[PDB]
Amino acid sequence: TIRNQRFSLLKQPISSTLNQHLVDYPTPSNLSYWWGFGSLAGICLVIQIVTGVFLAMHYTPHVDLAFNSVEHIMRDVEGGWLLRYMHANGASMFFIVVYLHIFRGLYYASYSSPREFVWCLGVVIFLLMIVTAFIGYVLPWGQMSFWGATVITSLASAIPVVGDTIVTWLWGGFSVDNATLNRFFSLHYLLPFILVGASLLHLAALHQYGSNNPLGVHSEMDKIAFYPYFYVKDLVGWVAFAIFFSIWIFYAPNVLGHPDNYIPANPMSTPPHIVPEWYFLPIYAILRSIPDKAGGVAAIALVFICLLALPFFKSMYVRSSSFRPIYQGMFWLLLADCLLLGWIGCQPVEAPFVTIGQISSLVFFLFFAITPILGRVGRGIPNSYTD
Amino acid sequence: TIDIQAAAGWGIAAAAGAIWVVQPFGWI
Amino acid sequence: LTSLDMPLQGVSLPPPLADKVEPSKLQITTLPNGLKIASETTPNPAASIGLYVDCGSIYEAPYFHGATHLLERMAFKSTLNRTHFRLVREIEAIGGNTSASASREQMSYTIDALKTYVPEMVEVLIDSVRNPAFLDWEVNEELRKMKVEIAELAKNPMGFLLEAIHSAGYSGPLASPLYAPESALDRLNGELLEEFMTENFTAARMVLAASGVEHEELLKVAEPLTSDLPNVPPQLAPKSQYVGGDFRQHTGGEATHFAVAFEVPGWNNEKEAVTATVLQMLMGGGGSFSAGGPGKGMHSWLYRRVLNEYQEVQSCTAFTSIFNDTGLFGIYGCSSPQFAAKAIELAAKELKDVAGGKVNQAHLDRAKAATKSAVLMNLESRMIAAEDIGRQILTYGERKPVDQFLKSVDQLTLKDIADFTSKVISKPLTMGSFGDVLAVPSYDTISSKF
Amino acid sequence: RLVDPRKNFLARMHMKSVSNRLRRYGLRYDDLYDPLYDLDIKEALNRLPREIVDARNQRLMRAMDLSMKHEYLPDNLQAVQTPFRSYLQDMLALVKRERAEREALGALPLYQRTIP
Amino acid sequence: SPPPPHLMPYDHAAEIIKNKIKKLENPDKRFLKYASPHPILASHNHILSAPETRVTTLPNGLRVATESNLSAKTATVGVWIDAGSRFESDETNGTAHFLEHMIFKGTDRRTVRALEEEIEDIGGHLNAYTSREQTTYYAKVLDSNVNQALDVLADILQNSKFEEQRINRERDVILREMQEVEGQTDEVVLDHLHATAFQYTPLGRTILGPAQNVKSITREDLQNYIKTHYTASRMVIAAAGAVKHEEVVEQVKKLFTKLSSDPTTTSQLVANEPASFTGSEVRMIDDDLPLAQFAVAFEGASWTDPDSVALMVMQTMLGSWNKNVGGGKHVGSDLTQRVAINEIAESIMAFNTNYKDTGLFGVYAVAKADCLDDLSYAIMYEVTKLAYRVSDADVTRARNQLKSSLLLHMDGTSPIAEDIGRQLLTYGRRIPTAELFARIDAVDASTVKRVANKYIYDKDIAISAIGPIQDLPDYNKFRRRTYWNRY
Ligand SMILES: CCCCCCCCCCCCCCCCCC(=O)O[C@@H](COC(=O)CCCCCCCCCCCCCCC)COP(=O)(O)OC[C@H](O)CO
Ligand code: HEM
Ligand code: HEM
Ligand SMILES: COC1=C(OC)C(=O)C(C/C=C(\C)CC/C=C(/C)CC/C=C(\C)CC/C=C(\C)CCC=C(C)C)=C(C)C1=O
Ligand SMILES: COC1=C(OC)C(=O)C(C/C=C(\C)CC/C=C(\C)CC/C=C(\C)CC/C=C(/C)CCC=C(C)C)=C(C)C1=O
Ligand SMILES: [Zn+2]
């Protein structure tokens with residue numbers, strides 16, 4: 001057809017990119033509610049950015065004023081309590097949603113070809129999220145903030161020759177002090193924007209081939225437009241998430257946190273129990289399961305190495321756990337193991353938890369070691385199960 | 001003669017929305 | 001309002017027409033430039049006004065190949081006085097419909113509307129034919145839609161074969177295609193169309209026939225718009241010679257087709273034209289692709305023989321294309337790609353059978369009644385009435401009454417049918433086949449059958 | 001009118017300056033009319049004969065080459081230039097007239113500009 | 001010195017085109033005197049005179065209607081019956097079409113060959129057509145053979161034999177016809193549109209019926225059908241052309257004596273088995289067909305509803321067009337303008353179908369696969385626009401075009417006889433042209449807006465599509481495009 005006149009405004013150059021990427025984008029008709037969590041994570045990112053921009057209007061990144069500025073946000077600025085509870089529990093909601101997202105991807109083998117780049121960009125995004133949330137948790141300048149910053153900046157000392165110089169460069173001095181807090185503030189404003197860009201790249205990589213589906217099959221024969229069907233499905237998800245988040249905000253605003261951070265930072269005394277936020281606990285457990293500095297840091301790096309190498313394993317040509325009984329069972333064991341690692345990270349470092357943590361870390365790495373063997377062996381299934 | 005009625009309807013809508021966001025009952 | 005089953009209140013009902021209305025008489029006025037204006041008053045509230053020109057593809061040779069059909073497509077476009085858009089809007093303002101037809105020896109331009117809009121119709125029709133602007137973009141658009149109109153030609157085997165055997169049956173002007181090749185269209189343009197139209201569209205070659213208007217009003221509107229046209233002396237249409245010929249495009253596949261044709265007298269010679277029409281009715285036939293409605297030719301020789309004695313036949317009937325001084329009578333046929341030889345044998349045998357005298361009086365009376373009812377019924381239509389007036393005044397200048405034709409039909413004996421068919425098939429035949437022609441016999445073998 | 005060179009000498013200076021600036025590049029004044037500026041120009045250009053549009057395009061390419069090279073036409077070539085010989089204005093006016101006639105009778109436009 | 005403006009080839013061409021344009025700049029006023037592009041509502045009740053249509057009711061309820069033109073040499077005489085597939089049952093469905101096949105198969109006096117030989121000996125034609133609500137049998141004959149044609153029709157309606165071997169032969173003809181439902185895709189699309197739109201109503205059944213019904217058809221089935229439906233009060237004998245009312249009435253009184261007189265009446269049949277509209281769609285996806293064909297329809301109006309005239313005007317406003325029409329870019333219809341200007345269809349056609357208790361109003365289009373999205377947008381836009389913005393010029397032009405087409409199509413004895421029979425069945429009377437024109441000119445812009453807001457705005461639609469239709473918008477997108485949220 002010859003486009004002499006103007007048809008739908010949606011197809012005009014003003015709107016065409018948004019239309020083709022957001023309204024008319026072909027989507028497999030059989031996507032479950034487990035495909036709602038990417039849009040949920042997007043909404044969590046926007047919520048964090050909006051609340052953090054408004055909170056930065058009242059927060060003072062100085063060791064003599066930071067704790068007091070938080071308290072002033074809670075007590076003095078109107079609706080300040082809401083803004084703070086929303087940012088602090090929205091970090092937790094962001095991590096819950098992103099975990100559910102990562103586990104949908106693991107269950108349906110969404111990392112497999114041709115979507116390897118999508119998975120790698122997601123891994124980069126997860127690293128960015130971890131760094132952002134950690135340096136954000138330092139900002140209130142409570143006991144938890146100071147001591148967590150101490151250990152995470154100390155992690156660089158695992159490097160033999162230049163480790164100390166990196167630690168002292170990160171601090172801006174010989175100890176965690178005002179320089180650390182001020183640089184952590186700047187980084188905290190910056191990293192969310194890089195997260196937005198990385199998420200956009202993630203989405204573009206995913207639309208190169210379209211979304212995977214719960215059957216794991218080629219879906220070109222039964223695709224439907226995103227708007228309105230998956231718009232309204234994601235809206236159901238958005239309202240349910242709002243109810244969940246509101247329950248956390250209004251009735252249990254401090255259950256996902258530790259009371260130690262309501263004590264101003266004291267560089268003299270480490271609290272008897274020193275743990276990160278809940279969403280970092282599995283990494284904490286893997287770190288502490290190694291009785292060696294360099295070994296622990298190397299295990300932390302090996303976690304992300306395995307996550308990045310997952311899409312490139314020579315595998316069988318079957319994606320969905322719905323048709324892979326062994327991989328499905330290994331999936332539900334990995335989920336249990338991750339929940340156990342999180343629980344172990346919250347425990348003091350003593351018996352029986354050292355052995356349990358070591359075995360759990362081993363199981364976690366066994367998942368990624370065994371999946372390629374499963375693929376190689378299952379390549380022979382169609383030749384061995386004859387009609 | 002429908003564009004004028006549409007303008008009046010949308011003007012009523014805009015006024016209703018204004019009184020609803022800002023709620024100036026203590027100022028009127 | 002009220003439901004349509006109740007009469008509307010307060011409506012001014014015009015008085016009814018009489019159950020017997022005296023027919024009106026054709027008035028033919030000739031202008032000094034040679035243009036003839038004819039009209040008949042009609043009782044119904046519709047007027048049909050046409051302009052008929054004795055131009056056609058028999059004037060394209062040698063340097064205007066494709067001009068006639070392009071002019072057909074370029075009808076009622078932009079004039080020097082009105083844009084195409086304005087002209088379409090004026091036609092639609094009065095609920096009118098336009099049409100143009102192109103033939104080998106005639107072109108026509110017609111407009112139909114209620115009889116109260118006669119001045120507008122006449123004005124728009126003359127502006128259109130006298131003052132074409134022939135804008136290059138409009139010509140180019142009509143030339144793109146000419147390529148489609150010519151490519152879809154292969155989808156009508158009857159039409160394709162008819163043109164093909166016109167090409168293969170004559171040598172002179174009549175052999176010029178009425179659907180020019182694609183190469184012949186990359187030369188046509190607005191200047192060529194203007195030069196062609198100015199040469200051939202003269203007053204003494206044009207008739208303004210208007211069925212359903214008073215002659216006074218038609219003259220009052222049309223005289224001031226056509227007298228300016230200069231006096232151009234009457235030339236002579238070129239001569240065409242009927243010869244033999246074969247047309248063969250082996251496309252392969254399935255669903256062969258054919259048409260065997262012979263020469264018959266033209267419209268001049270007014271006892272044998274009829275013998276050709278009654279012959280065409282006698283052979284008769286049908287498309288054999290659809291059914292429905294008795295009396296359409298299911299019991300003619302062609303139908304009753306082929307479609308009721310030999311199955312696996314897709315089409316079989318007879319055709320006719322008479323010109324002023326010559327004509328083409330022939331028989332179509334589809335058959336099956338390997339049954340083609342048997343099909344041609346059947347057709348030739350049928351021609352020979354009526355040639356010898358194997359047709360009884362019952363069939364002759366049946367075909368005679370079919371001819372008379374076909375001519376009388378086709379005059380029910382106002383369009384056909386106007387077109388017949390125009391064509392007959394172009395050809396004879398008289399509009400001969402239908403009663404003379406009816407007597408010639410009812411003066412036909414078996415001896416006439418026999419001698420005419422004997423004469424027709426004693427002359428060279430025009431063979432045409434289209435589809436899978438490999439199994440189709442040669443020209444010499446088919447010619448030897450007669 | 002004041003824009004008449006024969007009646008107003010200021011318009012004479014204006015026309016002389018425009019002609020001299022156009023002649024340095026071998027450009028006609030109608031060559032400055034861009035199809036991308038309005039759909040009426042685009043339609044008028046589409047209605048023109050091919051050889052005229054090819055000559056326009058060749059003059060545009062020559063002018064662009066001169067401008068990129070920081071050069072003007074040679075004086076021998078400048079002497080034969082006809083900067084105000086028109087090929088577009090009459091067709092543009094006809095297209096405008098047809099557009100206005102369509103608008104007056106309530107018809108849809110034959111072409112419209114894309115919303116950016 | 002610069003060259004003169006004819007030396008260079010391009011300058012010469014520019015001069016030629018400029019001279020042609022200047023030629024167009026000065027029009028000649030002798031040819032600009034009468035025609036106007038502005039539509040005017042005209043009153044011409046003088047030319048609207050027509051011969052009187054005489055309607056006589058027999059004592060048994062039979063109606064005889066004649067339109068006399070004694071200057072004519074021919075005539076059309078026939079029977080129009082208030083009967084069709086809608087008045088059958090589920091197990092009798094298809095019987096009317098079988099009867100249409102079987103009615104020219106011979107009687108007690110006449111055999112198949114006698115009947116064909118009698119007819120084509122006078123040069124006559126015999127026509128049979130059956131639809132959902134109407135059935136007609138008529139003959140086109142010369143003026144002399146009116147009595148013979150009436151005798152032929154009365155004999156075939158009252159004394160048909162229905163031989164078992166003839167029934168079995170026609171059974172296989174019709175079975176092959178059902179097996180060969182292709183090549184006429186317009187008819188297929190409309191059948192599926194009726195089937196989904198009037199789901200679970202008698203109006204949704206096809207004329208042909210199911211194959212098991214035609215396999216089960218016997219003599220007593222056809223005889224029972226004729227007894228049940230071909231009754232005096234449901235039949236109209238219509239004649240046009242060279243016919244005198246009195247002779248036709250006398251012949252009808254003589255010949256049509258052994259009818260059924262069954263008490264079954266069409267109004268009660270429609271009442272107890274009413275037809276309703278169900279918003280729905282059927283999509284026949286076939287990616288080997290080169291062209292897509294679809295129809296979109298709203299629930300329309302019945303024959304007697306006053307809004308039917310406005311729906312006819314609206315159908316004229318939407319119009320119809322195909323690629324071989326010269327001036328589609330310039331017509332008054334905006335939908336046709338959009339389609340022709342952007343080349344987004346092979347054909348487009350608005351239809352207004354009426355029945356006794358409901359109707360269908362919609363658009364049928366043929367287009368290539370890649371044009372479907374824009375075509376659907378344009379169709380929905382221009383249909384929905386009727387509820388919001390209607391110009392006086394457009395409605396005036398449509399009124400003029402509708403009056404012109406109604407009068408112009410009424411040429412020949414056969415169209416006149418068909419008009420008489422159809423009007424007598426649907427209206428109970430032949431509406432005189434002046435009244436029909438008065439009803440048409442009562443449809444102004446506000447009337448069109450009111451009718452569109454009643455039938456089109458925020459209303460359920462029925463869709464039937466076949467071909468490469470994967471890019472045809474889904475039911476929700478067509479349903480959304482029935483209202484405008486900027487108003
Ligand atoms: C985090 C890492 C964990 C490390 C674990 C340590 C090493 C163990 C690795 C093996 C994974 C443990 C879980 C494997 C068992 C899963 C449960 C299972 O598969 O049982 C199925 C039963 O069938 C089986 O699969 C048993 C097969 C036994 C293994 C035979 C091996 C030969 C096949 C080799 C193929 C290799 C590739 C296979 C790809 C799937 C389920 O049957 P059903 O769900 O279809 O229906 C029955 C139920 O009542 C209703 O739901
Ligand atoms: C550009 C966007 C952002 C800005 C301007 C911002 C700003 C701030 C500010 C000023 C604080 C200190 C006040 C307080 O403790 O409540 C803070 C704390 C925090 N931010 Fe952000 N933030 C942004 C995005 C994010 C994102 C994306 C995350 C999660 C990945 C996040 C996680 C946190 C966390 C965990 C805290 C500590 C909360 C607490 O216990 O009080 N922020 N942020
Ligand atoms: C800020 C964090 C993230 C955002 C905003 C985001 C956004 C999205 C969205 C909108 C989708 C498509 C809809 C859906 O499948 O839910 C998607 C899909 C996907 N994401 Fe992410 N994502 C994030 C983090 C991650 C992470 C951490 C991973 C893995 C390490 C990941 C891997 C994937 C994969 C594999 C898919 C394809 C799913 C499929 O086709 O089944 N994403 N993401
Ligand atoms: C008791 O102990 C512990 C804590 O305590 C309570 C913790 O919380 C955590 C939680 C930490 C986790 C899971 C990992 C944190 C990981 C990273 C990579 C953060 C390191 C990054 C920092 C400090 C800022 C990055 C600095 C940059 C980019 C410098 C900018 C320079 C330029 C632009 C040139 C763990 C493991 C722990 O065991
Ligand atoms: C068929 O496609 C679609 C999906 O299925 C694959 C989707 O999952 C989603 C949802 C996806 C998104 C957008 C979540 C990704 C997360 C991001 C990028 C969070 C950051 C959000 C911002 C700031 C938006 C960035 C974009 C622009 C242009 C900046 C300007 C906009 C704003 C200020 C809001 C949508 C809407 C969709 O239709
Ligand atoms: Zn049939």
# chains A, B, ... in the order shown; residues from 1 in each chain; ligands from 1

call {"tool": "select_by_dssp", "arguments": {"residues": "region 291-439 of chain C", "states": "helix (DSSP H, G or I)", "output": "ChimeraX atom specification"}}
result
/C:301-309,340-356,361-378,382-395,402-409,414-424

call {"tool": "write_last_selection", "arguments": {"atoms": "C-alpha atoms", "output": "PDB file, in the first residue's frame"}}
result
ATOM      1  CA  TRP C 301     -27.322 -29.051 -31.313  1.00  0.00           C
ATOM      2  CA  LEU C 302     -24.061 -28.177 -29.544  1.00  0.00           C
ATOM      3  CA  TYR C 303     -25.443 -28.663 -26.031  1.00  0.00           C
ATOM      4  CA  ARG C 304     -27.621 -31.729 -26.658  1.00  0.00           C
ATOM      5  CA  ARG C 305     -24.807 -33.410 -28.596  1.00  0.00           C
ATOM      6  CA  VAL C 306     -21.615 -32.624 -26.675  1.00  0.00           C
ATOM      7  CA  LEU C 307     -22.750 -32.043 -23.098  1.00  0.00           C
ATOM      8  CA  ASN C 308     -25.349 -34.847 -23.200  1.00  0.00           C
ATOM      9  CA  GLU C 309     -23.373 -37.463 -25.175  1.00  0.00           C
ATOM     10  CA  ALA C 340      -8.521 -32.149 -27.919  1.00  0.00           C
ATOM     11  CA  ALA C 341      -8.406 -34.056 -31.211  1.00  0.00           C
ATOM     12  CA  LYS C 342     -11.771 -35.671 -30.489  1.00  0.00           C
ATOM     13  CA  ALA C 343     -13.175 -32.267 -29.523  1.00  0.00           C
ATOM     14  CA  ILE C 344     -12.109 -30.666 -32.809  1.00  0.00           C
ATOM     15  CA  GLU C 345     -13.519 -33.674 -34.654  1.00  0.00           C
ATOM     16  CA  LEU C 346     -16.849 -33.180 -32.877  1.00  0.00           C
ATOM     17  CA  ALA C 347     -16.972 -29.467 -33.705  1.00  0.00           C
ATOM     18  CA  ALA C 348     -16.058 -29.979 -37.368  1.00  0.00           C
ATOM     19  CA  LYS C 349     -18.600 -32.795 -37.647  1.00  0.00           C
ATOM     20  CA  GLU C 350     -21.306 -30.522 -36.248  1.00  0.00           C
ATOM     21  CA  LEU C 351     -20.524 -27.778 -38.774  1.00  0.00           C
ATOM     22  CA  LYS C 352     -20.587 -30.390 -41.537  1.00  0.00           C
ATOM     23  CA  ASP C 353     -23.860 -31.829 -40.224  1.00  0.00           C
ATOM     24  CA  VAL C 354     -25.723 -28.549 -40.452  1.00  0.00           C
ATOM     25  CA  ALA C 355     -23.978 -27.846 -43.783  1.00  0.00           C
ATOM     26  CA  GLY C 356     -25.319 -31.025 -45.374  1.00  0.00           C
ATOM     27  CA  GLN C 361     -37.709 -27.941 -39.182  1.00  0.00           C
ATOM     28  CA  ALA C 362     -38.410 -28.175 -35.437  1.00  0.00           C
ATOM     29  CA  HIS C 363     -34.883 -27.011 -34.611  1.00  0.00           C
ATOM     30  CA  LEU C 364     -35.103 -24.300 -37.275  1.00  0.00           C
ATOM     31  CA  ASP C 365     -38.294 -22.880 -35.744  1.00  0.00           C
ATOM     32  CA  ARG C 366     -36.755 -23.163 -32.273  1.00  0.00           C
ATOM     33  CA  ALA C 367     -33.675 -21.163 -33.310  1.00  0.00           C
ATOM     34  CA  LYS C 368     -35.860 -18.680 -35.216  1.00  0.00           C
ATOM     35  CA  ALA C 369     -37.994 -18.023 -32.126  1.00  0.00           C
ATOM     36  CA  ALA C 370     -34.829 -17.718 -30.029  1.00  0.00           C
ATOM     37  CA  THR C 371     -33.444 -15.100 -32.433  1.00  0.00           C
ATOM     38  CA  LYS C 372     -36.654 -13.067 -32.429  1.00  0.00           C
ATOM     39  CA  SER C 373     -37.087 -13.177 -28.645  1.00  0.00           C
ATOM     40  CA  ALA C 374     -33.416 -12.319 -28.079  1.00  0.00           C
ATOM     41  CA  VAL C 375     -33.655  -9.237 -30.277  1.00  0.00           C
ATOM     42  CA  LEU C 376     -37.011  -8.100 -28.871  1.00  0.00           C
ATOM     43  CA  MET C 377     -36.019  -8.685 -25.239  1.00  0.00           C
ATOM     44  CA  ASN C 378     -32.655  -6.922 -25.480  1.00  0.00           C
ATOM     45  CA  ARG C 382     -32.902   1.922 -22.251  1.00  0.00           C
ATOM     46  CA  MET C 383     -29.106   1.649 -22.541  1.00  0.00           C
ATOM     47  CA  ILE C 384     -29.294  -0.823 -25.416  1.00  0.00           C
ATOM     48  CA  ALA C 385     -31.930   1.299 -27.151  1.00  0.00           C
ATOM     49  CA  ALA C 386     -29.682   4.370 -27.077  1.00  0.00           C
ATOM     50  CA  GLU C 387     -26.617   2.395 -28.166  1.00  0.00           C
ATOM     51  CA  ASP C 388     -28.525   0.782 -31.038  1.00  0.00           C
ATOM     52  CA  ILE C 389     -29.716   4.193 -32.220  1.00  0.00           C
ATOM     53  CA  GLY C 390     -26.159   5.506 -32.164  1.00  0.00           C
ATOM     54  CA  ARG C 391     -24.557   2.512 -33.869  1.00  0.00           C
ATOM     55  CA  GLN C 392     -27.208   2.266 -36.583  1.00  0.00           C
ATOM     56  CA  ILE C 393     -27.130   5.984 -37.377  1.00  0.00           C
ATOM     57  CA  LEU C 394     -23.334   5.769 -37.540  1.00  0.00           C
ATOM     58  CA  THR C 395     -23.495   2.778 -39.896  1.00  0.00           C
ATOM     59  CA  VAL C 402     -36.878  -4.091 -36.093  1.00  0.00           C
ATOM     60  CA  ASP C 403     -39.841  -5.376 -38.134  1.00  0.00           C
ATOM     61  CA  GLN C 404     -37.665  -5.819 -41.235  1.00  0.00           C
ATOM     62  CA  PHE C 405     -35.260  -7.963 -39.211  1.00  0.00           C
ATOM     63  CA  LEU C 406     -38.195  -9.968 -37.841  1.00  0.00           C
ATOM     64  CA  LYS C 407     -39.437 -10.806 -41.409  1.00  0.00           C
ATOM     65  CA  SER C 408     -35.972 -11.956 -42.597  1.00  0.00           C
ATOM     66  CA  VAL C 409     -35.822 -14.262 -39.561  1.00  0.00           C
ATOM     67  CA  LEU C 414     -33.694 -25.123 -44.375  1.00  0.00           C
ATOM     68  CA  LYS C 415     -32.322 -24.599 -47.888  1.00  0.00           C
ATOM     69  CA  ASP C 416     -30.954 -21.199 -46.813  1.00  0.00           C
ATOM     70  CA  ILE C 417     -29.317 -22.561 -43.634  1.00  0.00           C
ATOM     71  CA  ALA C 418     -27.818 -25.327 -45.789  1.00  0.00           C
ATOM     72  CA  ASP C 419     -26.389 -23.192 -48.603  1.00  0.00           C
ATOM     73  CA  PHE C 420     -25.025 -20.502 -46.183  1.00  0.00           C
ATOM     74  CA  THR C 421     -23.245 -23.038 -43.952  1.00  0.00           C
ATOM     75  CA  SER C 422     -21.924 -24.759 -47.080  1.00  0.00           C
ATOM     76  CA  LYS C 423     -20.535 -21.441 -48.332  1.00  0.00           C
ATOM     77  CA  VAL C 424     -19.071 -20.474 -44.947  1.00  0.00           C
TER      78      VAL C 424
END

call {"tool": "residues_around", "arguments": {"residues": "residue 259 (chain A)", "least_positions_apart": "3", "cutoff": "12 Å", "atoms": "only C-alpha atoms", "output": "list in words"}}
result
residues 142, 143, 144, 145, 253, 254, 255, 256, 262, 263, 264, 271, 273, 274, 275 and 277 of chain A

call {"tool": "residues_around", "arguments": {"residues": "region 201-216 of chain A", "least_positions_apart": "3", "cutoff": "9 Å", "atoms": "only C-alpha atoms", "output": "VMD selection string"}}
result
chain A and resid 21 25 to 32 35 108 to 110 114 to 115 117 to 122 125 196 to 198 219 318 to 323

call {"tool": "residues_near_ligand", "arguments": {"ligand": "ligand 6", "cutoff": "10 Å", "atoms": "only C-alpha atoms and all ligand atoms", "output": "PyMOL selection string"}}
result
(chain C and resi 290-292) or (chain E and resi 97-101+128-130+170+173-175+177-178+207-208)

call {"tool": "interface_residues", "arguments": {"of": "chain E", "to": "chain B", "cutoff": "10 Å", "atoms": "only C-alpha atoms", "output": "PyMOL selection string"}}
result
chain E and resi 388-389+486-487

call {"tool": "residues_around", "arguments": {"residues": "residue 272 (chain A)", "least_positions_apart": "5", "cutoff": "12 Å", "atoms": "only C-alpha atoms", "output": "ChimeraX atom specification"}}
result
/A:143-144,147,260,347-349

call {"tool": "write_last_selection", "arguments": {"atoms": "N, CA, C and O atoms", "output": "short mmCIF file (atom, residue, chain, number, x, y, z; two decimals), in the first residue's frame"}}
result
data_model
loop_
_atom_site.label_atom_id
_atom_site.label_comp_id
_atom_site.auth_asym_id
_atom_site.auth_seq_id
_atom_site.Cartn_x
_atom_site.Cartn_y
_atom_site.Cartn_z
N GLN A 143 25.17 1.28 62.51
CA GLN A 143 26.20 0.29 62.80
C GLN A 143 26.34 -0.71 61.65
O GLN A 143 27.46 -0.99 61.19
N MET A 144 25.21 -1.23 61.16
CA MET A 144 25.23 -2.15 60.03
C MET A 144 25.92 -1.52 58.83
O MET A 144 26.75 -2.15 58.17
N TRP A 147 29.89 -1.21 59.39
CA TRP A 147 30.65 -2.46 59.43
C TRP A 147 30.54 -3.24 58.12
O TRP A 147 31.54 -3.84 57.67
N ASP A 260 19.97 -2.99 64.46
CA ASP A 260 21.30 -2.42 64.67
C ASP A 260 21.50 -1.13 63.88
O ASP A 260 22.26 -0.25 64.31
N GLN A 347 22.99 -17.01 60.34
CA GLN A 347 23.40 -17.72 61.54
C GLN A 347 24.82 -17.35 61.94
O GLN A 347 25.64 -16.98 61.09
N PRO A 348 25.15 -17.45 63.23
CA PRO A 348 26.55 -17.25 63.64
C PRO A 348 27.44 -18.34 63.07
O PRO A 348 27.00 -19.46 62.82
N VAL A 349 28.71 -18.00 62.88
CA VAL A 349 29.65 -18.92 62.24
C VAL A 349 30.15 -19.92 63.27
O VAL A 349 31.18 -19.70 63.92
#

call {"tool": "residues_around", "arguments": {"residues": "residue 221 (chain E)", "least_positions_apart": "6", "cutoff": "10 Å", "atoms": "only C-alpha atoms", "output": "PyMOL selection string"}}
result
chain E and resi 92+95+99+227

call {"tool": "closest_atom_pairs", "arguments": {"of": "chain D", "to": "chain C", "cutoff": "12 Å", "atoms": "only C-alpha atoms", "output": "JSON lines"}}
result
{"residue": "D:43", "atom": "CA", "partner": "C:137", "partner_atom": "CA", "distance": 10.6}
{"residue": "D:44", "atom": "CA", "partner": "C:137", "partner_atom": "CA", "distance": 10.7}
{"residue": "D:45", "atom": "CA", "partner": "C:137", "partner_atom": "CA", "distance": 11.5}
{"residue": "D:46", "atom": "CA", "partner": "C:137", "partner_atom": "CA", "distance": 8.6}
{"residue": "D:47", "atom": "CA", "partner": "C:137", "partner_atom": "CA", "distance": 6.3}
{"residue": "D:48", "atom": "CA", "partner": "C:136", "partner_atom": "CA", "distance": 8.8}
{"residue": "D:49", "atom": "CA", "partner": "C:136", "partner_atom": "CA", "distance": 8.6}
{"residue": "D:50", "atom": "CA", "partner": "C:136", "partner_atom": "CA", "distance": 11.3}
{"residue": "D:94", "atom": "CA", "partner": "C:83", "partner_atom": "CA", "distance": 10.9}
{"residue": "D:95", "atom": "CA", "partner": "C:83", "partner_atom": "CA", "distance": 11.4}
{"residue": "D:97", "atom": "CA", "partner": "C:83", "partner_atom": "CA", "distance": 10.5}
{"residue": "D:98", "atom": "CA", "partner": "C:83", "partner_atom": "CA", "distance": 8.0}
{"residue": "D:99", "atom": "CA", "partner": "C:85", "partner_atom": "CA", "distance": 10.5}
{"residue": "D:100", "atom": "CA", "partner": "C:85", "partner_atom": "CA", "distance": 11.7}
{"residue": "D:101", "atom": "CA", "partner": "C:86", "partner_atom": "CA", "distance": 8.3}
{"residue": "D:102", "atom": "CA", "partner": "C:85", "partner_atom": "CA", "distance": 7.7}
{"residue": "D:103", "atom": "CA", "partner": "C:85", "partner_atom": "CA", "distance": 11.4}
{"residue": "D:104", "atom": "CA", "partner": "C:86", "partner_atom": "CA", "distance": 11.0}
{"residue": "D:105", "atom": "CA", "partner": "C:89", "partner_atom": "CA", "distance": 8.7}
{"residue": "D:106", "atom": "CA", "partner": "C:89", "partner_atom": "CA", "distance": 10.7}
{"residue": "D:107", "atom": "CA", "partner": "C:85", "partner_atom": "CA", "distance": 9.4}
{"residue": "D:108", "atom": "CA", "partner": "C:85", "partner_atom": "CA", "distance": 11.4}
{"residue": "D:109", "atom": "CA", "partner": "C:85", "partner_atom": "CA", "distance": 11.8}
{"residue": "D:110", "atom": "CA", "partner": "C:85", "partner_atom": "CA", "distance": 11.0}
